[PDB]
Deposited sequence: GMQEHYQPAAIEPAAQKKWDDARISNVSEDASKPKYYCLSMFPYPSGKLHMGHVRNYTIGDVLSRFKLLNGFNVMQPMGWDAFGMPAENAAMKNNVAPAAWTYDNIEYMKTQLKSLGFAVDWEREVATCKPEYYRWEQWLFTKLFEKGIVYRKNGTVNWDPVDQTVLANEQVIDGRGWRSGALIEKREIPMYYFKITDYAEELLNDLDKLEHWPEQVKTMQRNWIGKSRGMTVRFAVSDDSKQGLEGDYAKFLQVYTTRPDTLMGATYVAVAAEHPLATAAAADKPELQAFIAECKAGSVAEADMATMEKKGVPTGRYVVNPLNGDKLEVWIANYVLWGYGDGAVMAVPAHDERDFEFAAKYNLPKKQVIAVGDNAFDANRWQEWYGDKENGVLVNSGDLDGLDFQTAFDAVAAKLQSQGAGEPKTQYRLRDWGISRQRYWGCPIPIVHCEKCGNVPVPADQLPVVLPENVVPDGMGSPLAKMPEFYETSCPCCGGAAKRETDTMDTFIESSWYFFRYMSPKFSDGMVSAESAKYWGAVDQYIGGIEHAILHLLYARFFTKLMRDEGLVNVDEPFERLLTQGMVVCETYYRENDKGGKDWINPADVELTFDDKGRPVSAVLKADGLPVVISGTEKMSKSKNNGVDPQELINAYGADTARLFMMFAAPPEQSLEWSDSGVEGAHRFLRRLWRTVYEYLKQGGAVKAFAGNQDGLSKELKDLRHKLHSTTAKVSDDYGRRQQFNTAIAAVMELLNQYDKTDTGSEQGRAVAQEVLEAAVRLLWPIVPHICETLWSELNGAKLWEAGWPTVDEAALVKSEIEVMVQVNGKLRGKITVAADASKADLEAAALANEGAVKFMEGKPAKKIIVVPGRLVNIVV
């Protein structure tokens, strides 16, 4: 054994040992219990970043832990390869997105392998290969003919300078993010998944997920946004019907989740597109401009609640069907056409948004709910105003005294008998638009024929192959400019026809890849029945919290779609979910020509016992230290993991990632932290080397520990309590820094114990054999190497250390007490119950 720890001399040999034994290449073997541990697969962007290393180390710790506990562990990796990065890189560098993608995959794969992740590379997938995306085209066609996928005109933001469609997030003050040109709202035909048909299943099945964080489930419930409410129709006043047609001349229909407060409505609000808004605006230029501003907005959903709420009165009035009050109709910017009736009622006394709106415009507020003897003040909002559980109706005529639910049914009865309303269930959830006006994505398998309509491509003809010999230019979607691609024959009639040129939302690839891993070479379906039956669901899923809403909802949706097609038998794709935080780092800059700053990478900086100023490495001139935030290209504060691997090895990188913070926490990049991790690995190496240099390996202590010395019994207690702590950390708490600190405490106590005797060496052997197996999920290369110096058996066959319960029992007390012959540590306790015979009796002489 070499005296000093040198990761470059051991880490490649360990990887070759694991690869040779094929420990990570698993099959559908019903002889060992399966465990499917999955980390969210990456975009092949070019190189790994620190978020990748954190994520896939966490996954590897859990996988190797289950491996050592005897599970048949699948840990697959692959590449989420479609999307805009490759298109951007294509325009910047004049290379094909496919070629750029495949180069990145090869480089990143090498990086992953060098980190020693126990990955089944025989299950690798690349979602931009036709062998992958043919199966989501297939599923698309199946759902399209069922109507679960449909085609419908929708509104997009068109950038006329960049000649491309922009998400609301790419619109700033009505202008494209890069071009700066005013965007144009355009109606175009697009394809949609009818995810609203599955809204109740997706909401209710969340309750099955007892091993999901409550916040993720809460966020999905809020996103689905089910409400049980009331349709209410307010008759339009006889003086307010000019310009209105149909039922819009007769009534204004609204949806409310608080019909118990209907007696307290003081106005109503309609969307900019509502026929009442149109009719009132016909001769009022201020309303026309207000409607035009609402339509021109591009507010992202995560920002909808933060936008300033504004409205205009219309001069039109409706009648409250309960109390007869004549209420003025406002146009408001928070009322969205397409949600419900595009019209709401306002109760400023019991809805905070209505309160602020009414306060802005001095609109009335009528209290109709009371909670105890609390004071109602129309000038200041109190939280109890919105209370639904503990409230009673007031100022509501014959409804006074009722609680929420009884008032709800009473209002339902009253409205239903009048014909003015009825209970109704709504969902905030929108259907899933999947059309993308981009090249580097899965072609939509539809052919347009003037005789036959939108025709799905038959299954024998799939895939529709995206041509890879393309270099996007930035003057429109390439596929729309390629007749060699879109000109075709109709598969129903053989006539002249045109392929769909839009591609799929790349969330589609990530909505089913975890099933594809089960049979990644199966050419007769999305996933073979034998492999889906064996692997079932993902036991452990690990990834960033930023995917808690959309990706997870889409994956749960695709699982239920695939279940309903008969391809799988699970209702839910992911049993346990571990969400990881972000990686942050200090930022550095040098001040600019024009009162700005230019940001310098941390590795290209060197700081100067208390550190002071930082300077550039190449020259030594000073740099400005700035704030700590998430690693990004924006402020040039990303630390390349390849440099961390180059400087210290894979094991140090993995150890620092796991010791620095729990998975959910932000992980701060720390030079001293990385050095601390490396020094601990040196220490572990030194401990085994010094142990072996003074006598070589012995049979580890096992069995009855009667006759062991007090000090060695104490070390065995620390040992098996550590094994218990670590197992509970990996298996239950999924907090790995405390598992590391626990082994550190074991090694500390070992360091303070004389293990030089025959029995001492056998306990030291037991200690070290456990410590390297406890740490092998985190730092497998050094532990694999050290284990082989301690013991000749296969480490993965020796398995996870077992807790010796006998080592955890205390030394016992048993003696008699006698005051005047009648029934320090023993004198102190029997006094709580001065002659004492050693160990047998005590006698309290008094």
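What the model leaves out of the deposited chain are the segments 1, 610-613, 829-840, 851-864.
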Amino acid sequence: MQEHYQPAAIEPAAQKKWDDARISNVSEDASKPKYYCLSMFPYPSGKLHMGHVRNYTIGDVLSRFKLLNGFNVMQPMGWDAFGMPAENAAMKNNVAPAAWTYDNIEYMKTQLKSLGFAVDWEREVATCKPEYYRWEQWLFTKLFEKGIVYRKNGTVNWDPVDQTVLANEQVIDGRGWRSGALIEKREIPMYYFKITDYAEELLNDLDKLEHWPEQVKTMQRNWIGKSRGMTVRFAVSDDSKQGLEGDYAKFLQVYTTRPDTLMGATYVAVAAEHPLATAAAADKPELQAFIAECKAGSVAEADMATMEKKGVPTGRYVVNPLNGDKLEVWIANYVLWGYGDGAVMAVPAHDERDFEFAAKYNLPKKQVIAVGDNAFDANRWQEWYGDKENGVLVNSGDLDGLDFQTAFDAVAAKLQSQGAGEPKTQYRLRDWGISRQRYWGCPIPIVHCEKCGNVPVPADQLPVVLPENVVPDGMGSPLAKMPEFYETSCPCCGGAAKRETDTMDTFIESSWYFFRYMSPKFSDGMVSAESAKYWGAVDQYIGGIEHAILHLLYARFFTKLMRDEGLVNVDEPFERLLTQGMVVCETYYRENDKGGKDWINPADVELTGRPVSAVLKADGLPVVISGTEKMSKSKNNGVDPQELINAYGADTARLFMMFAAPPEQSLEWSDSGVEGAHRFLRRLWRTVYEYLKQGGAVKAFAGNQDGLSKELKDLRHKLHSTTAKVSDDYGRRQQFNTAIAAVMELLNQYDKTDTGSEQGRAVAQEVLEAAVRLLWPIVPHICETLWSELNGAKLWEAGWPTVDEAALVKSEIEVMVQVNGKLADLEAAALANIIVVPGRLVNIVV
From here on, numbers count along this sequence of modelled residues.
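Note that the rigid core is defined as the largest set of C-alphas that superpose within 1.5 Å between two forms.
Annotation: of the segments 627-635 and 283-291, 283-291 departs further from this form in 9 other deposited structures of this protein (C-alpha atoms, root mean square over structures and residues, core superposition). Between 720-728 and 302-310, the larger mean CA deviation from the shown form in 9 other deposited structures of this protein, after core superposition, belongs to 302-310. Of the other entries compared for this protein that flank it with modelled residues, a third or more give no atoms for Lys594. Figure legend: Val612 is marked as unmodelled in at least a third of the other comparable entries of the protein. Comparing 144-152 with 388-396, the stretch with the higher mean C-alpha B-factor in the PDB entry is 388-396. As listed in the deposited structure, the average C-alpha B-factor of 50-58 and of 799-807 is greater for 799-807. Highest CA B-factor among the listed residues (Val457, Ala497, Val270, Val471): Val471. Among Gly297, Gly544, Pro520, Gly731, the highest C-alpha B-factor in the deposited entry belongs to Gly297. Compared with the other modelled residues of the chain, the Cα B-factor recorded for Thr506 ranks in the lowest third. The PDB entry assigns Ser31 a C-alpha temperature factor belonging to the highest third of its chain's modelled residues.
Ranked within its chain, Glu789 lands in the middle third, by CA B factor from the PDB record. Among all modelled residues in this chain, the alpha-carbon of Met744 has a temperature factor (C-alpha) in the lowest third. When the CA B factors of the chain's modelled residues are split into thirds, the value for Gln818 lands in the highest one.
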